[PDB]
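One chain is shown next in structure tokens, namely the form deposited in one PDB entry.
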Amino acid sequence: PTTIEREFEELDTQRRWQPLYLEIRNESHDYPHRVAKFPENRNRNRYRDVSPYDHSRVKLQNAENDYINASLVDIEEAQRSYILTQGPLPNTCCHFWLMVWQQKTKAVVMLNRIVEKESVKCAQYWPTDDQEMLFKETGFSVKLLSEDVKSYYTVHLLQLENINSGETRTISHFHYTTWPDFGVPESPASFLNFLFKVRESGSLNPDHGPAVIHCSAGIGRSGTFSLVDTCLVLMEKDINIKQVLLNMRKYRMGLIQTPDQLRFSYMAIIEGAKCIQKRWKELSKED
């Protein structure tokens, strides 16, 4: 039994998942997020209570307004860096792709559906057919090159073109489609199979820019994905998941939204620590 597995049983048998989450809530440091509250940036924020911190926000270089609701989450101890962001709005899709270009991002991890429970959580920022998607404000175009449809996720191969310079890069768009907002995946196997699919593409390696992780607000499901991956990388080199989460929350507010998402993170980390990947793929029923 590992130290993490010992802590998991103590939390479960004593039902301390909710006070542990409250502890993380109470220990979460607040940081200035003034730029996000500028009046000119109102139409760039999906939610009024979810903002990037000033010290860690991703800046749109050379634009008139450099603001995008996106946070660079660095974990120097893991040699890992992610960009967590909200689901783009119709008017910020151009900024989203400008950020992907400037940050040399190779993968976009999307953990939400476009519509969830009668509500639009994200604009359609990539094309679903062979028609080019134009973003004239920032000078980019996106084409759908290929798509690999699994039972609970789809991988879209996208071509991101700088329409001014002509340069193109290939973007891997990993779309998790069965993860409800404020909820959890179906099982640790399905989540880990998806995560290792992202890992196996090489898009998280240091020879690429930071991956862009997003859901609706960019804190809940996105926080779960990044917490498990960061803890798995560290466990490779004893980890304190609580401290890892608190340190990650210094870069973006509110990561992990429910005690159940915290509990699931523990389960995914414990199951991911055994790495079995073929076993996960079969349990996930991806095909």
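Heads up: residue numbers just count along the shown sequence, starting at 1.
There is another form of this protein, the form deposited with a small molecule bound, and it is not shown here; the text below is about that form.
- Heavy atoms of every residue among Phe182, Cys215 and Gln261 are located within 4.5 Å of the small molecule in the deposited complex.
- With the partner omitted here, the residue from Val58, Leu234, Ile219, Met248 that has a non-hydrogen atom within 4.5 angstroms of the small molecule in the deposited complex is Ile219.
- For the options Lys143, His156, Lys106, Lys121, the one in contact with the small molecule in the deposited complex, meaning a heavy atom within 4.5 Å, is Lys121.
- Although the partner is absent here, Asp49 sits close enough that one of its heavy atoms falls within 4.5 Å of the small molecule in the deposited complex.
- Taking the partner from the other structure, the small molecule in the deposited complex has no heavy atom within 4.5 Å of any heavy atom of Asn45.
- Shown alone, this chain has one stretch from 132-140, 174-182, 95-103, 74-82 that lies within 4.5 Å of the small molecule in the deposited complex by heavy atoms: 174-182.
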